[PDB]
Amino acid sequence: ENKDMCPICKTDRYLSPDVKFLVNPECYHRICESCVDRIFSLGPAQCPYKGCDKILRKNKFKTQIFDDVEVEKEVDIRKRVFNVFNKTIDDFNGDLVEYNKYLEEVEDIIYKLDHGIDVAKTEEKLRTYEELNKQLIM
Amino acid sequence: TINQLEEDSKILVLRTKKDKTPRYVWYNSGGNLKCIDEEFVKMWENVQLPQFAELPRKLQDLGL
Amino acid sequence: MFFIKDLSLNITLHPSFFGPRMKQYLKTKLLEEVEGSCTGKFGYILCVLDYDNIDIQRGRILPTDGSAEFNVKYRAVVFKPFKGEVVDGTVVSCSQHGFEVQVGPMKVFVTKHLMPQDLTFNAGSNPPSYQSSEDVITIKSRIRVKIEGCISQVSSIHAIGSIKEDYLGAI
Ligand SMILES: [Zn+2]
Ligand SMILES: [Zn+2]
């Protein structure tokens, strides 16, 4: 929103809002251009976005069309889950129920990764994503 | 009573402490609002202005 | 960076050296005064290529002194550092504000404020090293440095590097 776009310059619209407002994927915080240029030039620390402690990393930012914080994170989580599993047991033989059961397991693991669960099945899915990455190398 | 009726309730005239504030009759609407620091006052007075139609033309370069 | 460029210079010769073999005397002053030096416009001078096809051109005499003026075109390799340049090297001298790293012929200091915060100065050790959370930076260790800025003074080129960002520090 216009009332919150930067922890230092939240309402720069009266002072001509000519810069963008980057959002870090490990922070999900509205950080403007001018303040963040001082940030990653002097080391990778955390942002003080309402007293945040998540360490911001240098570069690897993104422009957003504002899908809140959930659907902005769920779109990259579904895109990261669609590349590791790829089209395994889906259209390899014109399968339908076996393709739907394999896509329901990919959707429920993505729903478990989106909700966070309790970092147990997600850590098991992190091993399964490591299993989906090791099976794509052999 | 002027000191207790601050913020545009008794805009007097603090002439001098030796004059014991030779008061006057005035009242604004907000009056006080003294949270402006004096560092903000000096920077408000250190600005020179391009007069006439220059500052409207520079406002279009600035945004207004 | 190590670059090759055809350059030129003017030589002043003493009149006693005015014999038929003075072209060798021209080659005498060329090697000892150009190679192994530095210039602010070209960098640290390295080696001169082509010892045979060297432009001797002609020779003019200045009105005073009786000496002779020339202009000799050639081909040589120089080393010119730049900004934003990622290099390597080895530490030689250290400090309580960082250390200096020898990069070929040029020694570049890195400030402590251009280092990560977990990197800590070890003072009581001999030599006084720099210990972080995983590495101990001493003298003979090899450290991959990105050059930030440079000083382009004539015949005395200096620079400033850092190892704060990612894929940096020791090699
Ligand atoms: Zn700001
Ligand atoms: Zn954050």
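Residue numbers (the deposited numbering), protein chains in the order written: chain 3, 8 to 145; chain X, 220 to 283; chain G, 1 to 171. C-beta: ideal position from N, C-alpha, C; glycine also.
Any non-hydrogen atom of ligand 2 within 7 Å of residue i CB
i: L63 (chain 3); result: yes
i: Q71 (chain 3); result: no
i: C42 (chain 3); result: no
i: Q53 (chain 3); result: yes
i: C39 (chain 3); result: no
i: residue 5 (chain 3); result: Residue coverage of chain 3 in this structure runs from 8 to 145, which leaves residue 5 (chain 3) outside it and unanswerable.
i: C59 (chain 3); result: yes
i: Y56 (chain 3); result: yes
Rounded distance between the beta-carbons of residue j and residue i, thought under 8 Å
i: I157 (chain G); j: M106 (chain G); result: 7 Å
i: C94 (chain G); j: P127 (chain G); result: 6 Å
i: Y74 (chain G); j: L7 (chain G); result: 7 Å
i: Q96 (chain G); j: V72 (chain G); result: Not quite, the Cβ-Cβ distance comes to about 47 Å (not below 8 Å), so this is no contact.
i: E33 (chain 3); j: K61 (chain 3); result: 6 Å
Residue i classed as buried or exposed, judged by whether at least 16 other C-beta atoms fall within 10 angstroms
i: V86 (chain G); result: exposed
i: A272 (chain X); result: exposed
i: residue 179 (chain X); result: Since the first residue shown for chain X is 220 and the last is 283, residue 179 (chain X) is missing from the structure and cannot be characterised.
i: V92 (chain G); result: exposed
i: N247 (chain X); result: exposed
i: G40 (chain G); result: exposed
i: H14 (chain G); result: exposed
i: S129 (chain G); result: buried
i: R60 (chain G); result: exposed
i: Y167 (chain G); result: exposed
i: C47 (chain G); result: exposed
i: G58 (chain 3); result: exposed
i: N107 (chain 3); result: exposed
i: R37 (chain 3); result: buried
i: residue 210 (chain G); result: Nothing about residue 210 (chain G) can be read from this structure; chain G reaches only from 1 to 171.
i: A127 (chain 3); result: exposed
N-terminal and C-terminal residue of the alpha helix (DSSP H) that residue i is part of
i: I117 (chain 3); result: 104 to 122
i: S41 (chain 3); result: 40 to 46
i: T28 (chain G); result: 22 to 34
i: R85 (chain 3); result: 77 to 92
i: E137 (chain 3); result: 128 to 141
i: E264 (chain X); result: 257 to 264
Contact test: residue i Cβ vs ligand 1 heavy atom, cutoff 7 Å
i: residue 202 (chain 3); result: It is not possible to answer for residue 202 (chain 3), since the shown part of chain 3 is limited to 8 through 145.
i: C34 (chain 3); result: no
Boundaries of the beta strand (DSSP E) in which residue i is found, first to last residue
i: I4 (chain G); result: 2 to 5
i: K107 (chain G); result: 106 to 111
i: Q153 (chain G); result: 143 to 153
i: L278 (chain X); result: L278 (chain X) -> not in any beta strand (DSSP E); alpha helix (DSSP H) instead, spanning 273 to 281.
May I ask you to list, following chain order, the residues of the stretch 41 to 69 of chain 3 that have a beta carbon less than 7 Å from some beta carbon of chain G? The stretch 41 to 69 of chain 3 vs chain G, Cβ under 7 Å: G50, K65.
Cβ-based contacts, 8 Å cut-off: residues of the stretch 123 to 146 of chain G near chain 3: Taking 8 Å as the Cβ-Cβ cut-off against chain 3, none of the residues of the stretch 123 to 146 of chain G qualify.
Mind listing which residues of the stretch 149 to 165 of chain G have their C-beta closer than 8 Å to chain 3's C-betas, in chain order? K164, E165
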